[PDB]
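Below, in structure tokens: the form solved without the ligand, a single chain.
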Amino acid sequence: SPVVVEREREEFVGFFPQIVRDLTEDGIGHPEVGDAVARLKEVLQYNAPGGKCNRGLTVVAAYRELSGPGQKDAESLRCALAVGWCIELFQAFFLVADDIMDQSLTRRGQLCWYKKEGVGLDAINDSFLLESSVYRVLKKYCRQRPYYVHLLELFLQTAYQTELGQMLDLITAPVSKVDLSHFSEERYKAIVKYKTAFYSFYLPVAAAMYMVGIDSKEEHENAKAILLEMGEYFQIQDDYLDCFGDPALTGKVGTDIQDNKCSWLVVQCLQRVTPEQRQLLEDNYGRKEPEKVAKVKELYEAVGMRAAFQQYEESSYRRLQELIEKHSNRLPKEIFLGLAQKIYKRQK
């Protein structure tokens, strides 16, 4: 219920002051490295607390739906919350580094960190530091737990997978020639998977699983079978709802074609296009100019993307049902249903 959902969110949110105290409390005042950590508190507070928390909040909902009454105590719930904030700091480090190699300007409604005065290129070393924080929170809360080295391995691994997709991106979509010869089905897909699906959907629940003992390669692979899918439908949606939706929205609210973004639509346009339009596309798609931009959107609409999306998301929420009823044998199906509910509802 909203009563419950809302309640859970506020519980997580109000924990961040605690986390900050965990990462810095003692660094501060240390007669050698005190100022360094003194500044860390600021990096922490400036970049970490921000989104809906939907990622870290998934851990909490998952362990809740998975633990038996013998493991729903204060000391165990707080580790649920703390490992939830670890996903959030997992995102904050990638984001900070992301912006810099993008020369971005705004994030979470504020000015990117590196763009801040005094900062700039130091932001790289603070990207390293937030990441160093994912593991110090794990160690504070779970070092004396049978599941520890599992979480440790999960994080250092998903961090490797997102880093891989992050580089598939930095390659595929380069300003230079911009190139539309690369924006293809399997490469777009391959980017959504590593760069996003992994740490966004599998990682959260996967950490809930390891916490209630479930470490079987089979059940974990049954988790990848469907989270890696909602991770797809989520990105497609958060790409379609970009130009083609406005009436109530949030996130990277605005639009971005100024950046040569290998999005769904693009791959879909090139997919079903004529030589003239193809040339038009590789001529108007890729720059901040009211002119060329809207001509790209005219073409997408001229081609038939409003249809392409529907028949897809119309089949997506179906495949998912068949991927659940076929993969949620041990794991409580309610976990995915509840997750899907926050996702499967597009805007035209």
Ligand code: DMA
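Numbers for residues come from their place in the sequence shown, where the first is 1.
Annotation for 208 to 216 versus 167 to 175: the higher mean temperature factor (C-alpha) is found in 167 to 175. The PDB entry records a higher mean C-alpha B factor for 66 to 74 than for its counterpart among 66 to 74 and 39 to 47.
Of the candidates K195, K115, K140, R272, the PDB record gives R272 the highest C-alpha temperature factor.
Each of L280, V33, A61, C53 has a CA temperature factor in the record; the biggest one is found at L280. Remark: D242 belongs to the highest third of its chain, ranked by C-alpha B-factor as recorded. In this PDB entry, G109 carries a Cα temperature factor that places it within the middle third of its chain's modelled residues.
Placement of the Cα temperature factor of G120 within the chain: lowest third of the modelled residues, per the deposited record.
Looking at the C-alpha B-factors along this chain, the one for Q235 belongs to the middle third. The PDB entry assigns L228 a C-alpha temperature factor belonging to the middle third of its chain's modelled residues.
From this point on, the text means the form deposited with the ligand bound, which you will not see here.
Site accessibility, open: after C-alpha superposition of the site, the ligand as positioned in the deposited complex shows no atom within 2.4 Å of the backbone or C-beta atoms of the displayed chain. Residue heavy atoms within 4.5 Å of the ligand in the deposited complex occur in exactly one stretch of 71 to 79, 163 to 171, 268 to 276, 220 to 228, and that stretch is 163 to 171. This chain lacks the partner; the member of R107, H182, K189, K116 within 4.5 angstroms of the ligand in the deposited complex by a non-hydrogen atom is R107. Residue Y199 is the only one of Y199, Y147, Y233, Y141 with a heavy atom lying within 4.5 Å of the ligand in the deposited complex. Taken together, the three residues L95, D98 and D102 all lie with some non-hydrogen atom within 4.5 angstroms of the ligand in the deposited complex. Although the partner is absent from this view, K195 contacts the ligand in the deposited complex, with a non-hydrogen atom inside 4.5 angstroms.
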